[PDB]
Amino acid sequence: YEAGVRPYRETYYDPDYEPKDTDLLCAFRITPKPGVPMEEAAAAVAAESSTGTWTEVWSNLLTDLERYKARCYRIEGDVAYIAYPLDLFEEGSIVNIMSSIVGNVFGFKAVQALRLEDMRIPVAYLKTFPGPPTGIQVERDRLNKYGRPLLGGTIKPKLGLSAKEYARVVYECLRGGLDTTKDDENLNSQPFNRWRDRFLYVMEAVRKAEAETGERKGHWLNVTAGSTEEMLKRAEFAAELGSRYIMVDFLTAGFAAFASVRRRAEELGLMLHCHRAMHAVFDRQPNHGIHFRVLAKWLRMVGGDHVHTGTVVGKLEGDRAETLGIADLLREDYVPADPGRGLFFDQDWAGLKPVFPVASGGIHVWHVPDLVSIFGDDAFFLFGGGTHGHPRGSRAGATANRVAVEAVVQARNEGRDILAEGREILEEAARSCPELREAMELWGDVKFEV
Amino acid sequence: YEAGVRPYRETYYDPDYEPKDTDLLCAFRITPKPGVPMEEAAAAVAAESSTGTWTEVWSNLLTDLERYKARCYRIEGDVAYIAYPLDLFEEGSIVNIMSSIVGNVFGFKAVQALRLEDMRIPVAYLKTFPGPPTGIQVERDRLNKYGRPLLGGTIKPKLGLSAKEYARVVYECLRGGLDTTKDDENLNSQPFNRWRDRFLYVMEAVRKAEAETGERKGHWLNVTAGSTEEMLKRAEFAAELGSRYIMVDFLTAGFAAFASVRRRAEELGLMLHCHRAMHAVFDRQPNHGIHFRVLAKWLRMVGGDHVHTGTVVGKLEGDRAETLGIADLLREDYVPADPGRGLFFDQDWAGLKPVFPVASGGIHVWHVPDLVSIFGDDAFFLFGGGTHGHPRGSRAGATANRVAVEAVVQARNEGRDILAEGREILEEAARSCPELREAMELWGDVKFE
Amino acid sequence: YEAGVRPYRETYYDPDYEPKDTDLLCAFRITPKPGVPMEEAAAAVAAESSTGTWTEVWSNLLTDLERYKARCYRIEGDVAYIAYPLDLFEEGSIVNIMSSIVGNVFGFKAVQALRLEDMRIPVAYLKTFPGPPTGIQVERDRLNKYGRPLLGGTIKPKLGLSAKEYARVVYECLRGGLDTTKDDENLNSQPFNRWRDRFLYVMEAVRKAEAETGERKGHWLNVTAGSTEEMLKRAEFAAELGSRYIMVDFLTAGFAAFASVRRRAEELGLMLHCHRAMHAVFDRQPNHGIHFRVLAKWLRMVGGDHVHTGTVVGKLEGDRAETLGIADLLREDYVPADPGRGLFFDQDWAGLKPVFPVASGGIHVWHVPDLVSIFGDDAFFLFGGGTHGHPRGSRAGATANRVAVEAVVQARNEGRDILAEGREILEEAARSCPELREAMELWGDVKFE
Ligand SMILES: O=C(O)[C@@](O)(COP(=O)(O)O)[C@H](O)[C@H](O)COP(=O)(O)O
Ligand SMILES: O=C(O)[C@@](O)(COP(=O)(O)O)[C@H](O)[C@H](O)COP(=O)(O)O
Ligand SMILES: O=C(O)[C@@](O)(COP(=O)(O)O)[C@H](O)[C@H](O)COP(=O)(O)O
Ligand SMILES: [Mg+2]
Ligand SMILES: [Mg+2]
Ligand SMILES: [Mg+2]
């Protein structure tokens, strides 16, 4: 035992280490404090996230740190790779991954900025998580919808509508052609709209709309609440009414209470829509935070049936190539590394079920050619403002978005180029769908930069 | 119904609105997309965090948005003040606040960067929250420790120690002078140290140091787990073992599960230490994210007996002026606005109990003067590497830290200037404390900017 | 789809397949029906224990059997190696392992005799099991006994003693040196000895001997019973009586109820002793059955704190080399393959706790040199008859055994060869121990091949 401060890089930087198939790997993009070498910055991350602290302790000899310590085994410019033994992590606890990988190391003076770019979840650890409760293939059997993207839309205004007027919009939306509707992430239970009331009005509207159109419907009822018990209570009520769905804000509620809801959802036979509220607070800026592809893996492991992935072309920021990767990370059984899409590691999913990507935010009919091209069939397209903002109301807007999606799908199956002939495909449909014509006319000049 | 895309400013920018005592106020620091004027950007965050979306909708006429919409009532350079009516929020739900205020507005193409600097929790809303379960005064009475900062320390290595060897460190720590010790934030239940074993071994050590020193002791037993149900199971076991505390990572576990644990800790009589793991993931950079003072207000509203606030002088980043303001926001009944410390609003706490600030990370004896100067008596100082890193082990290092604290409080009470005579005071105690001398020699050249 | 019976070898024998680190591997010894070639017989076992049946089915095309079928990838004489993909199994179910591997493949007219020799449990599957609740090291801490084999003994007669007289024997065994005692495997709750009476009488005998000797003591109360709820009910009662241990016949009770009891034992703080009654019904003959080492692996996966391993030199059959390999499987973190000890695969235990080997059956003082040399310190030695059969009763027989173990352990630590000087070491101790001298004379001609 030699007591004193020694640089982190003397025990937590091993550029000869060969990662094991059981190790959990991370890809950090580091911005050292000027004068702190990259090696010392990566080693301090590897140390203060695993087993080390700022000085040598006697207790380090009471154990075998050669077996448990994390190691930075590679450095490519400002990107550090760190390998974590399997025995460091509690089984089936995303809460434990985060408490190690992103617990304290983002606030060290020596590291001025840090972003977790990607994480390789090893198979032996993945077998400790249940994955989504339903999945794409089962859910498509419960909805009896095959061969196209699924249509949805958030009810607007976000807040302010009574429970009755709320379900009146839902009803106009569903009967008009939308497969589903949802509560806004910030609509939980408020003086103007209490949850029990909204749950009772909405299911009436959901049943009524299903009965008239003959197509199965659903409304993503938001059980997000200030406690675990309250969310489980609201999920219990949603099932007693026959809802196929509930909705949770998995980041604002938190991964501990998210897991609790996910387990109850399966027990109740509910499908679990997942809203990524708060993700932009730490997955937006390239120099600091946690990329969303890491949050998506965590979401699939815990088990969400859908999760928002972005629109690229809409009102919220989303890089295309990155989104194309995140979609495969959510849907595929094995995703190989692809620097072109930001995938730093291969990702074997060990048989877990796939998650529905959801494309929401400031989209309309003109975006459907791009949206079908980006996501394919296995995804939801949500038109909130693009539905209720139609000159003639929500039912007229729902019809327009449904005909637009089905028109673009049919064109692709026929072999047409939906990106070149997108306008022509939409204009053809408009010549027999006044709802679509009016929709196109209104939002013909509404574009966001990509 | 006039359909079409309208600017967010036409309805969500009202520079004449007088904020109400019942409104929830937010101070946002905005970096608009070039070409997007400031007023519009501020209006986009107001609209999309309350009632509005990207285009007009007929259903806007089915409610009275004049009563419910959020409004940017003031702009000062790149700082936008936005008022939210009281009816917008669910009673007693931090999760709801976060789902509005920070839900989607941080990811809009029009607002390149956005940081929430401060939030005014109106009293009528604060009355829907319970506050800490124990508080400072009751805690100190349960511990029978008065007149000084309280000593603590995280057991090291963070991970790897068997239950047996881990509690032996604990025993040496509490025996040597520490009041408390704690499970590292990332120590939950792992193959090398399962939570049931650790709880049993550790509490034996606790009861054994308490009996040998005569002083009441405690260990912060981390119940953080992958699910709520599991955290409540472990909080139950800790209570059955006569532990005075439990510990939880409230940000990684999350605010919904955190509320579940806080409620059970009171029912069980446990005091609740809270670790802010994950905070620097969105409170570090000054142009984007959420300042920690806001996270500290929410913490106090749900009910944490302590929370980490940083050290200023330690290894982790933390600003002195700001940190002073976060200490008051945690301990005082009322805090007036203070641009120098980053307090954008007056904050009445409506009779909620205070929270213990905790200063931990990369600190040693040479920091004790500054620390006592910054926080005073009502605060914990945790020495992890500064206790186990001593030349003679945890026992000796814990005596050096306990002695350094009591020597700086004694001098402070005698009228000395514990900053000007910081070195002298410590050297006087070292005359009577060989442990302290070794601790000062070892880390004499270890500083942080 | 070509309907019809096709040989198993066409789709279930792939000698070019390279096993993966996630596959589950099996070493079968096969005795084909005369005329059935080894490849076909091996393919049968692989097929009928994974995906196939006696004829082609149209439903084979509704899935990718290339992804889920088992494959006999290697044959070495009469030994077939079969790899099973990881998806075929249910996470955390030994029951599911047995339903597949040993469910129907042992009764086929095509395979006259089939013996499972060994099984490679992949790390990715081991991480779905908890392992032992307590483990060797935590168990020694609870007893505060270190650095020697631990003494035990089965109360005799197996059946017939009243709860009173039963606990009288227990007291005379614990007071006289033995660290523990145990119910017999077939002693559950009977008209002559109901379980509640025995539980109350015995704990009085445990507490009384712990106070007269100053050493911690324990008794292995058999909770085995006709249903899972009855076993759990008896465990709860054992824990309310302050017992450190319960006992369960994990093979006769079954792996499903075993897992139920094991989960409740940890929840109740109970150390779990596991008797392997019925093992010899299907691990004795070398041409048919399941070798015990496979059962030992499952035991440690579910979670036993001890399990019997045989004595080698006692009254029950047991091979020395194989037993040595079984001990390593029960105690070590990684066991490399070793054809000398019948270990067909490397076994990585992925951090699970170790299991105490237990040597019982027809052993007396003269066997202590061999037993120590075979097992080392981490092991229980059980002397049922070897204790009560002492010329002067149980108290005297317990002392004679406790001294023989401690006198052989002291000699080994001093450097002596406890095998060459086994007789001498015991006679030297018998000088200061009459009880040991009397036992050595009594059984001086009792030997088992
Ligand atoms: O709050 C909103 O703006 C929405 O209701 C969209 O409204 P419109 O449908 O009227 O645009 C969705 O929550 C966002 O799209 C979420 O963004 P992400 O999916 O990127 O989390
Ligand atoms: O993980 C660590 O580094 C610590 O155990 C400190 O150990 P030393 O005291 O031995 O450095 C604490 O968790 C940090 O201080 C928390 O940071 P904050 O105080 O910002 O929450
Ligand atoms: O029933 C018996 O014979 C015993 O009580 C031994 O009595 P003694 O101590 O009087 O011999 C044990 O259960 C057997 O040794 C078990 O066999 P195994 O060890 O093979 O499981
Ligand atoms: Mg929304
Ligand atoms: Mg820590
Ligand atoms: Mg027996």
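Residues numbered from 1 in each chain as written, not as in the entry; some residues may be left out. Chains lettered and ligands numbered in written order. Part of a larger assembly, values for the part shown. Heavy atoms only, no water.

Method-wise, the PDB entry is recorded as coming from X-ray crystallography, at a reported resolution of 2.7000 Å.

*Asks:* Mind laying out the coordination of the magnesium ion (ligand 6), listing which residues take part and the relevant values?
*Replies:* Around the magnesium ion (ligand 6), the protein contributes the donor atoms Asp184(C) (OD) and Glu185(C) (OE), at 2.0 to 2.1 Å from the metal centre. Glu185(C) shares its class with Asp184(C); the two are buried. (Donors = N, O, S within 2.8 Å, 3.2 Å for Na, K, Ca; no water. Buried < 20%, exposed > 50% of the residue type's maximum accessible area, 1.4 Å probe, protein only.)

*Asks:* Could you give an account of the pattern of salt bridges, with specific residues and numbers?
*Replies:* Scanning the model with the defined rule gives 136 salt bridges over all chains in all. For the salt bridge of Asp184(A) with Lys156(A), the shortest nitrogen-to-oxygen distance reads 2.6 Å. Taken together, the residues span a long stretch of sequence, with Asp184(A) in the loop between strand 6 (180-182) and helix 7 (195-213) and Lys156(A) in the loop between strand 5 (150-152) and helix 6 (163-176) at a distance of 28 residues. No difference in accessibility class separates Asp184(A) from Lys156(A), as the two residues are buried. Here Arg402(C) ties to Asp179(C) by a salt bridge, and the two come within 3.6 Å at their closest N and O atoms. (Salt bridge = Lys/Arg side-chain N within 4 Å of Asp/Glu carboxyl O. Helix = DSSP H or I, 4+ residues; strand = E, 2+ residues; numbered from the N terminus.)

*Asks:* How would you explain the interface of chain C and chain A if you had to name every residue and give the values?
*Replies:* The interface of chain C with chain A comprises 13 residues on the first partner and 13 residues on the second. Between chain C and chain A, roughly 900 Å² of surface is buried when both sides are summed, and carbon and sulfur atoms account for 51% of that area. Linking chain C with chain A are 4 salt bridges. Note that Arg67(C) is salt-bridged to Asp333(A), the shortest N-O span being 3.7 Å. The tally of links from chain C across to chain A stands at 2 residue pairs in polar contact. Per-class residue counts for the side of chain C that touches chain A are 4 nonpolar, 3 polar and 6 charged. (Contact = heavy atoms within 4.5 Å. Buried area = accessible area lost by both parts, 1.4 Å probe. Polar contact = N/O pair within 3.5 Å; in protein donor to acceptor, adjacent residues only side chain to side chain. Nonpolar A, V, L, I, M, F, W, Y, C, P; charged D, E, K, R; others polar.)

*Asks:* Lay out the site of ligand 3 with the relevant residues and their values.
*Replies:* Residue and element names in this part refer to chain C. Taken together, 16 residues lie near ligand 3, and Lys-156, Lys-158, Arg-276, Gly-384 and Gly-385 sit nearest. Here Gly-361 contributes a backbone N or O atom positioned 3.4 Å from an oxygen atom of ligand 3. Between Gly-362 and ligand 3, the recorded distance is 2.9 Å, taken from a backbone N or O atom to an oxygen atom. Protein burial of ligand 3: of its 480 Å² of free accessible surface, 91% is covered by the chains. Within the shell around ligand 3, the residues separate by chemical class into 1 nonpolar, 9 polar and 6 charged. (Near = heavy atom within 4 Å. Areas by Shrake-Rupley, 256 points an atom, 1.4 Å probe, with all protein chains shown as cover.)

*Asks:* Please give an account of the sheet that holds strand 8 (residues 245-249) of chain C that cites residues and values.
*Replies:* Residue and element names in this part refer to chain C. As summarised here, the arrangement of the 6 strands in space is 5-15-14-11-9-8, forming an open sheet in which the pairing is parallel. A single partner strand is all that each edge strand has here, and the edge strands are strand 5 (150-152) and strand 8. Sheet twist, expressed as the mean angle between neighbouring strand axes with direction ignored, is 25°. As paired strands, strand 9 (residues 271-275) and strand 11 (residues 306-308) are joined by 2 bridges and run parallel to one another. Looking across to strand 11, one finds that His-273 is bridged to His-306. (Pairing = 2+ DSSP bridges. Axes fitted to C-alpha atoms, helices over the stretch in contact; angles between N-to-C directions.)

*Asks:* Report on the pairing of strand 14 (residues 356-360) of chain C, specifying residues and quantitative values.
*Replies:* All names here are of chain C. With 5 of 5 residues buried, strand 14 is to be regarded as a mostly interior element. Burial along strand 14 is two-sided: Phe-356, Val-358 and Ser-360 and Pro-357 and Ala-359, pointing in opposite directions, are all buried. Note: strand 11 against strand 14, 3 bridges, orientation parallel. Residue pairing for strand 14: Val-307 is matched across the bridge by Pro-357. You can see the chain leave strand 14, run along helix 14 (residues 368-375) and come back into strand 15 (residues 380-382), and the turn it takes is right-handed. (Right-handed = clockwise from strand over helix to strand, strands pointing away.)

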